[PDB]
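Structure record follows, encoded as structure tokens.
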Amino acid sequence: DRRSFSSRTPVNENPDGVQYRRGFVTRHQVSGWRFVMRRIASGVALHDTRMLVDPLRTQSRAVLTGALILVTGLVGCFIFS
Amino acid sequence: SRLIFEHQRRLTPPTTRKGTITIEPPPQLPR
């Protein structure tokens, strides 16, 4: 097809193979953390962790949507004046 | 005159892994 190059990483066996000390959370790490904490937090309220349907995040995103529509109407009537 | 010499075992010189490293080809520009 387009001949893609799946991410790879070998070894080093030399001097520059243990010098970096760069702490920077990549997108994957923050996604993984979100998911792990939403599979634990759904293991002490639902008592099953097959994670097929999560209602907790549903509740939280519902209250968030309430907040966002709140601020939207706030400014959309602030423009009214 | 000349003193005598013996035949030891030669110290093993540092090795040389004569490998044949294989690089993987690049991508192909989808467009």
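Naming scheme: A, B, ... for chains in displayed order of the structure tokens; residues 1 onward per chain; ligands 1 onward as shown.
The residues of chain B lying at most 9 Å from chain A, with only C-alpha atoms taken into account, are residues 24, 25, 26, 27, 28, 29 and 30 of chain B.
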For the selection just defined, write its residues with C-alpha atoms to a file, as a short mmCIF file (atom, residue, chain, number, x, y, z; two decimals), in the first residue's frame.
data_model
loop_
_atom_site.label_atom_id
_atom_site.label_comp_id
_atom_site.auth_asym_id
_atom_site.auth_seq_id
_atom_site.Cartn_x
_atom_site.Cartn_y
_atom_site.Cartn_z
CA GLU B 24 14.66 -1.40 7.31
CA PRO B 25 13.48 0.69 4.26
CA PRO B 26 11.67 4.09 4.63
CA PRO B 27 8.00 5.08 3.93
CA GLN B 28 6.39 5.83 0.55
CA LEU B 29 4.78 9.26 0.58
CA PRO B 30 1.02 8.56 0.44
#
Residue set, chain A restricted to helix (DSSP H, G or I), as a PyMOL selection string: chain A and resi 27-40+55-78
Exercise: residue 45 (chain A) partners within 12 Å, only C-alpha atoms, chain neighbours under 4 positions left out, as an NGL selection string: :A and (38-41 or 49 or 54-56)
